[PDB]
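Residue numbers (the entry's author numbering), protein chains in the order written: chain 3, 1 to 59; chain 3', 1 to 236; chain 3'', 1 to 59; chain 2, 8 to 262; chain 4, 29 to 68; chain 4', 29 to 68; chain 4'', 29 to 68; chain 1, 17 to 289; chain 1', 17 to 289; chain 1'', 17 to 73. A prime marks a further copy of an entry chain. Cβ coordinates follow ideal geometry from the N, Cα and C atoms, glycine included. Accompanying notes for the structure given below.
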Amino acid sequence: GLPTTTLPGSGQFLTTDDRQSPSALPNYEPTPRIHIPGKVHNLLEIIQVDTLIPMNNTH
Amino acid sequence: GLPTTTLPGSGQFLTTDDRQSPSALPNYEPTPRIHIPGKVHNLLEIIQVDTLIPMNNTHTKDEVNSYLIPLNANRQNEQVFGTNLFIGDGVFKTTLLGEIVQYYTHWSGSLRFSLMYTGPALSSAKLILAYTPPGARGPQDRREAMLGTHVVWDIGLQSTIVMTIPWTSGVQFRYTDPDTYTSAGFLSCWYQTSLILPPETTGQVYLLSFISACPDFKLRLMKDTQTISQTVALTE
Amino acid sequence: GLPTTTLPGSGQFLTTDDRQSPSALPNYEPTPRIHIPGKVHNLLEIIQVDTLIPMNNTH
Amino acid sequence: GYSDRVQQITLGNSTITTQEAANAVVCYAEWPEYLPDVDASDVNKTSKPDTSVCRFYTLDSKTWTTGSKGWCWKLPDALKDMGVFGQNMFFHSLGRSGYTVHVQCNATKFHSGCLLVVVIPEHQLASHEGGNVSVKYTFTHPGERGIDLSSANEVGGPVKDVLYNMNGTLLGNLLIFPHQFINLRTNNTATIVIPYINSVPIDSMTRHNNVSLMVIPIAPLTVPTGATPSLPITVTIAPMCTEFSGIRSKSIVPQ
Amino acid sequence: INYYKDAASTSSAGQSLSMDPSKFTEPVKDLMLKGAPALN
Amino acid sequence: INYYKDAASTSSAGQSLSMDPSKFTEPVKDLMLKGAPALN
Amino acid sequence: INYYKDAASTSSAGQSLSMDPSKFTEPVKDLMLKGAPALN
Amino acid sequence: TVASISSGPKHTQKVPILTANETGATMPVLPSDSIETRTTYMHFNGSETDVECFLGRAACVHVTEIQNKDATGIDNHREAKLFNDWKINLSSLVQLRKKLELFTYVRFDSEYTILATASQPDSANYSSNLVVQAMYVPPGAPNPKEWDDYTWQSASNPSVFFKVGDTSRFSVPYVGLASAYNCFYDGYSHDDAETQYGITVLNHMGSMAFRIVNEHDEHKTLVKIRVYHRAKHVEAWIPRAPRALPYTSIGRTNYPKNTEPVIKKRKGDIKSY
Amino acid sequence: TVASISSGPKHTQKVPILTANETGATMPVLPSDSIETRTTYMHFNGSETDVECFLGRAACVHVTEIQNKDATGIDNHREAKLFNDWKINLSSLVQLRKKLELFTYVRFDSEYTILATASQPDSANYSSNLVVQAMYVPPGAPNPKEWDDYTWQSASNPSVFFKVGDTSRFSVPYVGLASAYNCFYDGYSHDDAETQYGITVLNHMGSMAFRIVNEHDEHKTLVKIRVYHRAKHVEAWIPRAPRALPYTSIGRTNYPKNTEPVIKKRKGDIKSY
Amino acid sequence: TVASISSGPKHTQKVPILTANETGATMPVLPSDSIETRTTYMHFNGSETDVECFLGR
Ligand SMILES: Cc1cc(CCCCCCCOc2ccc(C3=NCCO3)cc2)on1
Ligand SMILES: Cc1cc(CCCCCCCOc2ccc(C3=NCCO3)cc2)on1
């Protein structure tokens, strides 16, 4: 038995933390990926495509 | 599953502990630093800059005048000012030195006390500043004063005189909040000869006095300052 | 997140255990030691000095 | 035969000579310099009028009398109307600058008096009303006139109490800011070089002042017998390494 | 260190650091050079 | 050992051990030597 | 393994294993040999 | 390191103790320039006066309170403390504030600890176990209106759920818009004749909102939230004079009128000890 | 290691058993100087008599008590035990005190454990869960006046928050002003004719204050605090005679008048067994 | 990485700002194609806009 101390924050759930978890479906094999045109990696990729501005807002 | 045991103290929150925490904002990129003159790294850097001491504390409401130590022409043998050296209280207390010392419990080191003369250029004066180490009373006359640490100051072209209160102590640390065992002495100043004004001139002349710490100085065991408090939370 | 199990005795306070603790005064510098004659290391050092026995206990 | 005492500063088309100086202070030991690329953000090339803006402007003179409490000027405000410096100021969106400040006050070897000349980076003033009353714009933009600490409280203006630096701190501790004394017996001028100090690389010159220059009598003026009881104090200031960026239409500011 | 056997149980992935907007911003068949005329 | 990915999540920094009061105590333009006259 | 930065936070010290009673049991100025007469 | 060197009698033309303070310098004079000293060592590093250490311990920055009670018929949850929000800000409780305002610009990462304890001031059979959900809510962020709005879904906004009686702890990177946070700002948000003044126009981290996730039990439960803040990775520029008068407002320098003399008057003369 | 060597008959001019105790020495005489012995080994190191071991286990040094109750209309929180402070000090409970005073000067680091348990002596529906906040308060430190003063912000003063029923544990470096703590001090704080005497003028670590963070429930709850202290990294100088009479005061050597004979009288003669 | 390069006056036959949006492209025009710029660096990677980050809380 190794001695430990727990710190403030133990047991909290922070929606933004990133840790490991047990898989509920041990050993399951996902469907293979096939190729699909159009993959997005960054939202910065798409905000460089121009779109129309409803400038004439007066309606 | 690795076997563990939790010790006493688990779950406590100690405001002074230093550990890692998850970031709430994963992957966020802070603004770049640009250069800004003036970076401070240690409070020890700043307590070496001297600031004015309201030595003339005798007023009744805070005034620019309690920074001015007056001098009288033609007095001989007499005493210009006196103070004990409880740097955390009394005259010292509002100075930057006094103000920082109050964030710590213990101090040790030498102090630098200087006086800048502001009288007409055609006047002259010789003063004696004396440091009295712990153990004797505040000196009562120059004879008594002159037997301890002292500097005869001759007022000249060079306007300021820097007296050092060298660390004289049995115990290697003193308390910043005034206490006896730990007390540091007295500082007094007397006419050595006397102030003399030129013709066509009259009245009082004043000395400005500063305090800063020597590079010698140590402060330790941080705590809360008696210099600030509040009764309800502030709002916008 | 690494999986753990806590054993019997968790949370107990044993006045005789010897472990690490956080310092309440982070970074504080203690007064230097100076030399003092007389250091004791073991109680076995001192019980070898002889002392008087109130043998005449009859008072 | 160089003395700490005599000095000449030539900047642009203007020169100052002092024969009774007491060295010069360079804030935080740094000398004004232009904005490096590594620190840049705005993509605009900046404009550096050089000698037409980096010369010495002498503000109107003040009069130290035995009752004076002290005066306060803000930068770049104090210069908002000086020559082309000022025009550039109202015409660009952003600008940046360092300064040489030269405060002048001469008397004779029978006078006494001592002024503190200090530069305070980001001097946020307090309302004399207390609470959370704000200090209106006009009040913190006195222009070349500066603020006269012995003038009366006004409404929407700052507090003018000297033992508190106009902000809740004691006069005695102003010495932690770059400063120099003018002690009639020693000194006759004070000179401070101010590098640009901000938390952003360049800023607006009209909505934010980045230093207040403050001249405060501390040992009262004492003139020789039957002398006139007052001396003028003059402040001359020169922008140095000035850069303007984001030119356009020309700001319109309150009052 | 993964403590678990399955890949789904590992933490979040790490930045694509891929980034290529041209499939979205310039899907034209004949290449357009900036500075050259759009329509020749 | 950092257990977390972001730098903000690490513990306190470690002593500057920088320390140079001269920007505050001696910001004069012409260097003053202790022992030499202040004003020449 | 120390988990903490300060020395006060470490566990108990480890045995002096110093042990020298002579400062207490034989602080005499001229050395006494067992077996030789106490007072000569 | 030597704290003092050995120095003996002097009869020179070289006087280190005469200076001209008008210059603005504090000449580095030592005991050995004016008395005869002996060698002594420092034995000390100045570790605990590092600014990281000075600003690096948790300070209480905010105490708020929310209650768990039947919201049935409450027209204004916010007003019933069914949930409460905090215009985030670090200069409201005053101990930490004086410490930070020793500097003009400051830059650091924050570590927050949130302690929540419950009170049941009037007759309850028991103490319930409530889960708090404090969620960050930055500017231009749909604001919660009821204690159970879509807002609380917080799909893009970091939120932490912990139990009353426990503590929550997480750390946020330096979120300032500029290179440092301004402890002071002698400016306006624009050249308006009536716009506000000072730091409040710059410190605009938005706000933090708390609520209990639990529905109501038969009694009412008061939960009081205390937020602690610890600076880590500190960087501070341009020291200033310490605060002397009391504070009146978040973000302005203003002091109260008819305040009291802050310098202690002597009981005696200038000459007194 | 041999505990005894083998030694046989002796008929010498060299007598190790005759000495002169007037000299102040304890001559190192052994069984083998006066009887015939056989070899035997020690099999032992003297591990558990090391001073680190002797002073190194936790001892109870203080029991105090505070209560959680409605402070409404209480004119003196301190007096209602709404919070209670402890003039810190290590010679009040007596078991550990006799152990330390076997030495004149002592130097070590302290590890504190604080156990807090609650009592509800009069009718309660339940047991509430209270968080204690003990905060260090050194000399010249604004002192808490109410149980919820600005003091408790403790922005610069180390404080720990733990739950009643649990334990808190932290360790403080050796905070003495000198090189060691004086277990005894035959002096004064100054040459005053009426100043106090002994150690109390030297042991001046200031004090430790406790409070409950929780507001009040409908019943009252008594929380009793026990502070345990363990010396780690011990260094002790100059052994002294053990304490024989009972103690009367923290910090003075004084014993009670008409105390009882401390040496057990024989039931019989000097000659008795 | 540079966010903007330095660029000065232009008087060309090569106009990067005239395009034909009918083509469906968004031509990659920059500040330096139409005003005079100074060098500046990005100081930023676009970390927190990665889709793993966007959908990962
Ligand atoms: C002077 C001065 C300096 C400063 C800095 C203030 C900035 C502090 C506010 C920023 C904290 O940002 C948050 C990040 C995350 C969360 C949060 N995550 C989960 C719950 O709350 C809350 C606040 O303020 N005044
Ligand atoms: C003989 C003899 C020797 C001694 C030593 C007494 C010193 C012990 C007091 C110092 C303990 O200092 C503290 C440090 C931290 C805390 C604390 N941190 C969080 C809560 O309390 C309390 C006390 O006393 N008598």
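Element boundaries [alpha helix (DSSP H), containing residue i]
{"i": "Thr6 (chain 3')", "result": "Here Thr6 (chain 3') belongs to no alpha helix (DSSP H); instead the beta strand (DSSP E) covers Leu2 to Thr6."}
{"i": "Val31 (chain 1'')", "result": "Careful: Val31 (chain 1'') lies outside any alpha helix (DSSP H) and carries neither H nor E."}
{"i": "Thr53 (chain 4')", "result": "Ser50 to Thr53"}
{"i": "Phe92 (chain 3')", "result": "Run containing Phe92 (chain 3'): none; DSSP gives neither H nor E here."}
{"i": "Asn105 (chain 1)", "result": "Element bounds for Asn105 (chain 1): n/a, residue is neither H nor E."}
{"i": "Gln94 (chain 2)", "result": "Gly90 to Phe98"}
{"i": "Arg143 (chain 3')", "result": "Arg142 to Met146"}
{"i": "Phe70 (chain 1'')", "result": "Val67 to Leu71"}
Separation of residue j from residue i, as counted between CA atoms
{"i": "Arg73 (chain 1)", "j": "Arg33 (chain 3'')", "result": "28 Å"}
{"i": "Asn57 (chain 3'')", "j": "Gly284 (chain 1')", "result": "9 Å"}
{"i": "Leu52 (chain 3'')", "j": "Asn37 (chain 1')", "result": "11 Å"}
{"i": "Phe146 (chain 2)", "j": "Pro37 (chain 3')", "result": "28 Å"}
{"i": "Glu37 (chain 2)", "j": "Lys39 (chain 3')", "result": "12 Å"}
{"i": "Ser23 (chain 3')", "j": "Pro32 (chain 1'')", "result": "44 Å"}
{"i": "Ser265 (chain 1')", "j": "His206 (chain 1')", "result": "21 Å"}
{"i": "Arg185 (chain 1)", "j": "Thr16 (chain 3')", "result": "14 Å"}
{"i": "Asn72 (chain 3')", "j": "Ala209 (chain 1')", "result": "39 Å"}
{"i": "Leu71 (chain 1')", "j": "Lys248 (chain 1')", "result": "8 Å"}
{"i": "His93 (chain 1)", "j": "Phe99 (chain 1)", "result": "7 Å"}
{"i": "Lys143 (chain 2)", "j": "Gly175 (chain 2)", "result": "18 Å"}
{"i": "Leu7 (chain 3)", "j": "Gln230 (chain 3')", "result": "31 Å"}
{"i": "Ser63 (chain 1)", "j": "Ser20 (chain 1)", "result": "20 Å"}
{"i": "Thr193 (chain 2)", "j": "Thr60 (chain 3')", "result": "32 Å"}
{"i": "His78 (chain 1)", "j": "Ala233 (chain 3')", "result": "8 Å"}
Beta strand (DSSP E) segment containing residue i, residue limits
{"i": "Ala41 (chain 1')", "result": "Run containing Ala41 (chain 1'): none; DSSP gives neither H nor E here."}
{"i": "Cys76 (chain 1')", "result": "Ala75 to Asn84"}
{"i": "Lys240 (chain 1)", "result": "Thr237 to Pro255"}
{"i": "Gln15 (chain 2)", "result": "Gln14 to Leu18"}
{"i": "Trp38 (chain 2)", "result": "Segment: none, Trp38 (chain 2) is in no beta strand (DSSP E) and carries neither H nor E."}
{"i": "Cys121 (chain 2)", "result": "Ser119 to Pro128"}
Cβ-heavy atom distance, residue i to ligand 3, below 8 Å
{"i": "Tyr152 (chain 1)", "result": "You won't find ligand 3 in this model; what it holds is ligand 1 and ligand 2."}
Close Cβ partners of residue i (< 7 Å) along its chain, the five nearest in sequence each way excluded
{"i": "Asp49 (chain 1'')", "result": "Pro32 and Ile33"}
{"i": "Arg259 (chain 1')", "result": "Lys114 and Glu117"}
{"i": "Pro137 (chain 1')", "result": "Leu238"}
Contact set for residue i: own chain, Cβ-Cβ below 8 Å, skip 5 residues either direction
{"i": "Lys223 (chain 3')", "result": "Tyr103, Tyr104 and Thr105"}
{"i": "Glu54 (chain 4')", "result": "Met60"}
{"i": "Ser288 (chain 1')", "result": "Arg282"}
Neighbourhood of residue i by C-beta distance below 6 Å, restricted to the same chain and skipping five residues each side
{"i": "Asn195 (chain 2)", "result": "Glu27 and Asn113"}
{"i": "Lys85 (chain 1')", "result": "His232 and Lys236"}
Item to check | Within the segment 154-210 of chain 3', ranges of the beta strand (DSSP E) (whole runs, at least 3 residues) | outcome: Qualifying beta strand (DSSP E) stretches, in chain order: 160-165 and 186-191.
Checklist entry - Which residue spans inside the segment 25-87 of chain 3' form an unbroken beta strand (DSSP E) run of at least 3? => result Taken in chain order, the complete beta strand (DSSP E) segments of 3 or more residues contained in the segment 25-87 of chain 3' are 68-71 and 79-84.
Checklist entry - Mind pulling the beta strand (DSSP E) runs of 3 or more residues that sit fully within the segment 162-204 of chain 1? => result If only uninterrupted beta strand (DSSP E) runs of at least 3 residues are considered, those enclosed by the segment 162-204 of chain 1 are 175-179 and 183-188.
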